[PDB]
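I'd like to ask some things about the structure below.
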Amino acid sequence: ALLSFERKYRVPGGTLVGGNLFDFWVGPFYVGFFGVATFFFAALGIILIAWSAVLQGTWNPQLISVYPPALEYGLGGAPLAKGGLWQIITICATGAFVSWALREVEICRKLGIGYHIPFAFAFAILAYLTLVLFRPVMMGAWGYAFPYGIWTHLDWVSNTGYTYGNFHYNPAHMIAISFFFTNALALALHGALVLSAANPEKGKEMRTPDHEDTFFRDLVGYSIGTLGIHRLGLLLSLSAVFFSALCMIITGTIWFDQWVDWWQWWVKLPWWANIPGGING
Amino acid sequence: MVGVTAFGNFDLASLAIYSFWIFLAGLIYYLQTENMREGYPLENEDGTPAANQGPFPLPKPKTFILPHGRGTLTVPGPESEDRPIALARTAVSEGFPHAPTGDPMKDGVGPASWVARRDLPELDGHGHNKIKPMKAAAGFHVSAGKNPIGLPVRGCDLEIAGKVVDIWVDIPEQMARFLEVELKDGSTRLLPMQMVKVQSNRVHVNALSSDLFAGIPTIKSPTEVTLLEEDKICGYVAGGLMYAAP
Amino acid sequence: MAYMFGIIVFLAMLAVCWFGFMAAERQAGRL
Amino acid sequence: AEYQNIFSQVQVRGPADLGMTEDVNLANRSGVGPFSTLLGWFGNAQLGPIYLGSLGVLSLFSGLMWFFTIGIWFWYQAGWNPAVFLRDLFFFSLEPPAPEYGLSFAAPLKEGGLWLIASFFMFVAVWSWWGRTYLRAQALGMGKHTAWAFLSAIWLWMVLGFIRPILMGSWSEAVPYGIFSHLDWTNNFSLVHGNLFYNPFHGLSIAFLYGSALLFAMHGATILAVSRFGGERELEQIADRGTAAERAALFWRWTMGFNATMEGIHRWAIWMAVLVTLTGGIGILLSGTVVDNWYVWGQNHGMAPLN
Amino acid sequence: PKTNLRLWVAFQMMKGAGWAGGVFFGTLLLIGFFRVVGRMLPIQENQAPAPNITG
Amino acid sequence: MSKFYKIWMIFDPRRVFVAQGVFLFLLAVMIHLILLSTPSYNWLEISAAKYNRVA
Amino acid sequence: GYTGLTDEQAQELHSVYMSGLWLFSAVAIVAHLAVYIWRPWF
Amino acid sequence: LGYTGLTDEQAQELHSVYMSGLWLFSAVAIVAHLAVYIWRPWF
Amino acid sequence: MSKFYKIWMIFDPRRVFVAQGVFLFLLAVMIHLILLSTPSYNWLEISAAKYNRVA
Amino acid sequence: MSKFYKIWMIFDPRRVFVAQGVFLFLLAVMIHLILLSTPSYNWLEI
Amino acid sequence: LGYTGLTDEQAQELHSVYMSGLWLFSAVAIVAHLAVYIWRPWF
Amino acid sequence: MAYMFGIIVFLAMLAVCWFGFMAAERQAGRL
Amino acid sequence: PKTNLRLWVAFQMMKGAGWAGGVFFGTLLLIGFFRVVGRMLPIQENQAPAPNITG
Amino acid sequence: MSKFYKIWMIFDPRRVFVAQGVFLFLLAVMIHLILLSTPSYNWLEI
Amino acid sequence: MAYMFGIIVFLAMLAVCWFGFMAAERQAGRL
């Protein structure tokens, strides 16, 4: 079934691979070459998770957990029951996520819109591949990757973090957090401001973007504008994920100690290292 | 309160988490039905109401009251295409593409599509024409960046289509919104500012070959552009990315 | 003894595929 | 490569723009500030004007006194030495009263009295900023969505500094004012309560915090992708749906099988962000008052393996 | 001639397999780059403890 | 019971048949996985014991 | 009706659908009976 | 009735070729099951 | 059963054959990976134990 | 056979052969990786 | 039907070109399997 | 012995390929 | 078209490499046959002394 | 390069390409065998 | 370090291949 305006857009073409072989829809969903690829990897990865639950011997979905190979397996293959399923599901996850981005590129072409959405999604893929692929390969073992399990992947976050003391002291982790909090602030404000104009006080006319500019200037003396706010929300989200990936690729590869000890480089700058008093004197 | 359960493991933190799942299911139902105010009911490809309308019902109508006397909008509501669509089925089954029956750039289908928006200008908060040629707003000037006015406009075929003669500015937002291009017959066209690259010695329009610039839908008044005209222009240019052949 | 009986079952299954295939070819000549 | 509309190519500057009047008491609005050419590459160039008035002055003065009270404590902890002040800037901390003082206001100025004085100025500054955020919308006839969204952040902040200390029975439970010390507090809080990852409302709060980066990436990329159709002018797309709004809707419908509208995506946006600190505040309010070990609570509720 | 049709089908398949091979080996060289940088860094000295209870 | 054929007045067979296909597959997969999780019924482990196929 | 099936189109389509239902379940009953012979679950 | 546009004789044509592939594929599969059962029976 | 050919009057073969193609490959790959997961039926390990390779 | 050639009247051979080249290469890579993951067949561990 | 616009004779010709390569590719594969089975059998 | 039975199985497979390949050159020798 | 010339050069080279491949792998299978017969015979029991002074 | 294309006016390209296919295959086999004869690169000794 | 110098040598070789391949498409683009 179609949206009432949809029909005029369902034209042929824009496909990157396969021409018209897969240029059709299935309900609302566009298929295409990479939609076939996407569904295969998604279904295989999901089904191998359910099979891993059988091998693990639980059906509670919150206890199901697919662990990577132990560190003794290095970057080589492991037995399926003992890390090899995780490796195949990681291939399927990568295949599904990449196919999904490429399917979005095809939909962008058919609608004639910019490629910003699949490009933004590629940042999430690179953060995933940092944690499951690039950093484990740098550190030399698949066992430094996180396990696929709702709560057990939080054990990996905890155990990885506390290996370096309080992980709040990672300076790139601090920058990533600052973008994450600022993004959530901006999304609250942007949602509220647009809604407050479209949904004014009862009986009043819809407000204009002039009122939107006016409210924020009255509130804080500045207004980024309709175009600026969507640039900002995109770049804040992408910066958060860039500095997140950066904070981990350095952790356990060029920095090994307690992250709190890094900040002594500032304290021990020689023009003030020895000056008595304060906290460090 | 630590360790105090009403029954089983059900403590006050269990009461909280279960209450949230009820709230979340209610909120998601509220959010989705709000998002059905445009584009519904669902249609068959012939335009008849689809037998499957999905699990959520339509919300009750809301009415927006538009400024500057432009009336009221009720949503959801009767929502015809209100224009011809030059497409034909490529299959008897549903779910296949519909091929353009003629020239899709000029018929306005696919990525060249446009909507029957209001044939009036968008207005600012005072009720002036929001977008104007910069010559018609005397305080405005290019305050930074390469001024494009006077540059030749090159197509993706790498041939010159015309020259830039003005910038059309959004007044309240104070931003460049269109370039006016004077063609080789001296009639002008508007180009969307987001579709052009202001290079050092040229404006490059990667969507259009230099011959396609004459096909750009022309504005009826040389001093204002209506929302209908904007959609026709912006749709036509973006359609070139698919339909401009080498 | 499910070895021997197993062989027999698989050979019985194949006879149904022979029937069905020839039946399909007996249809497919625009019958 | 084509233009992506991430930075502007040409800046135009008109006259200064004074903004809408409605019922704004225009005597309380300043002159317009200077233009910034740097900001003009990414958004608007104009700074100012700003509205002050009564809740403005109250909020700005109390907020100044909060900031000044912390600063003087840091200058004292530096021993007035301008070099030590810059060396140890992130190590200074105005700590709350010690536990033996409970909720009593009797703690010495160096043992927590200045933290109560600082916290009082913060209380007045933040709450008067909330009323200011409500009244600036009222003067323009706008909806109060921004004030009700800000109330969700105040809820977490009130839980951290006020409500949970009262329910726990000491100001020693509150957050210290200091860069590394509020980080040490955050880490210590999780250790004392037995791994906060197994708090389900901390789990929810993270889901909405990730979802806010997910959703603003999706929405920001969507609007830039359709900005070639004037899709950033979202209010006119709400009033008079153009091809921008339809292409945006069909991208997501064809991608993931359902879609928003131009008005309705901003409801997803506000709730995704609001739920971060709403569920967060609940998760902290339960910590120590109802659950003192979240990992063991997780074991009894089928989310961690039993011993 | 039938041979031109034989070669056209081969060409279409080699288009497909060539692109799939370009992504496979291009990925393998990206993995190789991270392995080379892992060899340059002091990681075998300072090798981290395993973060998962499976080891 | 004779008017059960009027189901197809309400529901489009294209939707029903696709929905039915998905449902019956996932139910069958669910039951086969439940039995493979059940030692008394895991046919692969039963035959392993029957023929002394390990140790 | 919503589908636009005529009554005879619906009654025709149901008759073939019932044939697939009885076929599919007949196969399943043989499968259950075999596994009940091989390894009773009651 | 037809949602696909195939005439009845076209549908019979397509089905009879489709069923030839199904029986062929399932015959090949039975021989694979037979070989595997001969090698390592699962009952 | 003589009317099951009418399925091609309900569903277009271009979509059905794509769906079936993915289905049959998916089903086959999962059964091979399930058997390789099982010590009694992992053929590559059965041959390693048979031929005194690394096991 | 009899009529299996009619598949080229359903699906456009140009597109199918390109898609089949992708399939067969990935299938080959998959099976080599399955073997490389198995100790008794990891030829790259010398 | 006839979605691709091939004629029936074009389809009969192409299918033989395709099938000839199928049997050649699988014959080469059998030789590679026979070589591997002599060097390092898996049964 | 009963191992080399497998060597013969591969040769049976390779005879099927020959019969199929020549048939493919027959069933459209434009024929 | 130039592509038909690209494919013709590829075809000529694959004629050459295909024949050269057929004699290589055909020889390797002939060597394989003698290795298989060597495995069947009692040779490892009755293994002959080395006939050359190099051993 | 300049005039190296004139080699196709000396030697018949049809025959050269068939002969070059034989050369490149045998060269490839030769180098693989050189490596297989060397203990630190014999990948078939597993 | 001075090992990865070799990785750069292969990339220099691969740039020569690109320059040669494009030149081969130039020096007879029927040109």
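When the chains are written out, they are named A, B, C, D, E, F, G, H, I, J, K, L, M, N and O in that same order, and each has its own residue count from 1.
Everything that follows uses one rule, which is that a contact is a pair of C-beta atoms (placed from the backbone, for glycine too) under 8 Å apart; a residue touches a chain by one contact, two chains touch by 3 or more.
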Give me the chains shared as neighbours by chain A and chain H. B, F, I, J
Based on Cα centres, what is the most central chain? A
Roughly how far is chain E from chain J, centre to centre by C-alpha average, rounded to an integer in Å? 17
Please tell me the distance, in whole Å, between the geometric centres of chain B and chain L computed from their C-alpha atoms. 61
Rounded to the nearest whole Å, what is the centre-to-centre distance of chain E and chain M, using the mean of the C-alpha atoms as each centre? 30
Round to the nearest whole Å and give the separation of the Cα centres of chain C and chain I. 21
Set of chain H residues in contact with two or more other chains: 1-4, 6, 10, 12, 14-17, 20, 41-43
Of all the residues in chain E, which ones touch at least 2 other chains? 9-10
Touching two or more other chains in chain J are residues 2-4, 6, 10-14, 18-19, 22, 38-42, 45
Within their complex, state which residues of chain H touch chain C. 9, 12-13, 15-17, 19-20, 22-24, 26-27, 30-31, 33-34, 37-38, 41, 43
Note: in the complex, chain J contacts chain C through residues 2-3
Any idea which chain M residues touch chain N in the complex? 9, 12-21, 24
Help me check something: in the complex, which residues belonging to chain E touch chain O? 36, 40
Seen from chain H, its contact residues with chain F in the complex are 3, 41-43
